[PDB]
């Protein structure tokens, strides 16, 4: 193609030559989420494109998209969701080592993040609770049977090309869905049983190097504040310092694209700049980066006394992608992702803010840390295993908002099941006000029922959010439902974000938006530098040995095959062949012998 994949320090530390003819080129980016902001950064840093020639078109009043986090007027503090990150976000760390921190002088976002997560390393002291505040007895074990582990491996051993439209329930049976592994997995990643087995396979291979840090979240890393303040604003400042044009309340309705037998060229961007319909006409030297689709599109907000009103509106993002899909099948199949979403699916998240000491003290007694100490609190989500909603909640380092009073915590809450009565509040989450969500949560923390209503109604402000498309990334798909980052024969059109198509990597991650942004800029501008591949961990023998050990809850190879002689016989035969060799040493080194 117009790019190549690499790994290692040589390509990481190298600077690309200024790409050819970039002086006569411009860039239009549809949306101002993380993908578009990352594409613009690469355009500045590695494309050496003029800032004033880069135009970011956003339909909302501000930037960031799904990376939001704000004190919403007449409502309260809101996080549409948190962001778990990890060391092997290979592209995203390439980007943010070049973004100046807004807190620490002469340091980058990576530096401040790197130091913070060493000062205050993330881990969970309590991962799963049940029976109104009691820690799950087996918390920390995966409780996978040998049958469940085999299905996990059969899935990874399945070609991606054979998982078209296959569901997670099509490839796993009873034992797996009964495991603690599935509890940790489905909740930390927001998988539903009807979601894409293809994506879940991508996930099993993508984070295999962190399976030992799965139950305790010790592989997770977190920014200092919410992702708007810690990621979006550093990017915007950097971009603004280079003269990049930001255009808000501009809704891209369509892009007219010539798809001939030899070329795809974007010709005109049909926009609605606040009520009025206008156009931007393009040449071949005007590059268009489309964030196609969005999980946060058409979001509604409730308040402490009002449910967030459910909706099925196709907003601008999904109507744009549909209008583009009308012009070539190579531009993807939006309806696979925005249509026929089950009403059981996750729709609602809520931010519960309180300074009340009974609430805060109850959270301390479950998570074993002071929620107001300024460090890790829950270390990630706590899952209420036996909750009807399949609800989970987390308290990040407090306060997640620079402007927030230092005696308040904000708790983020979400529910995997949206069409089921709660256990204390006898309604589905979609039917619930802020305070009713809070009440159902407080009940599962063991708060005395005598106090739940008053603590929720009067000692807390809880803002709910209804997101019709929050599960849209994971909908069952076929190869081809997502456009290439640079479709075949495209001259000036790229698709970026978590609905574009690239190899191996996992969607529902910020890394995917930076990778697609990076690959699009590199291909359209023919930048002469490698793109870091998705980390090679599933091909690494040492990581595969570790995974066998971890998946079998820390049993060596003799314990594993202990009670099946057909496999035990082969082990003895295997050990005869490898005794006194380097394979026996590696296996011992990774606790398999």
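Positions refer to the first chain, counted from 1.
The mean Cα B-factor in the deposited entry runs higher for 274-282 than for the other of 274-282 and 344-352. Mean C-alpha B-factor is higher over 562-570 than over the other stretch, the pair under comparison being 562-570 and 61-69. When the Cα B-factors of 401, 414, 184, 115 are read from the PDB record, 401 comes out highest. Across the residues 201, 75, 375, 322, the deposited record lists the maximum Cα B factor for 75. Per the PDB record, residue ranking by Cα B-factor puts residue 294 in the middle third of the chain. Among the modelled residues of its chain, residue 47 has a C-alpha B-factor that falls in the middle third, as given in the PDB entry. The entry lists a Cα temperature factor for residue 217 that places it in the lowest third of the chain's modelled residues. Residue 228: CA B factor in the highest third of modelled residues in this chain (values from the PDB entry).
The entry lists a Cα temperature factor for residue 552 that places it in the highest third of the chain's modelled residues.
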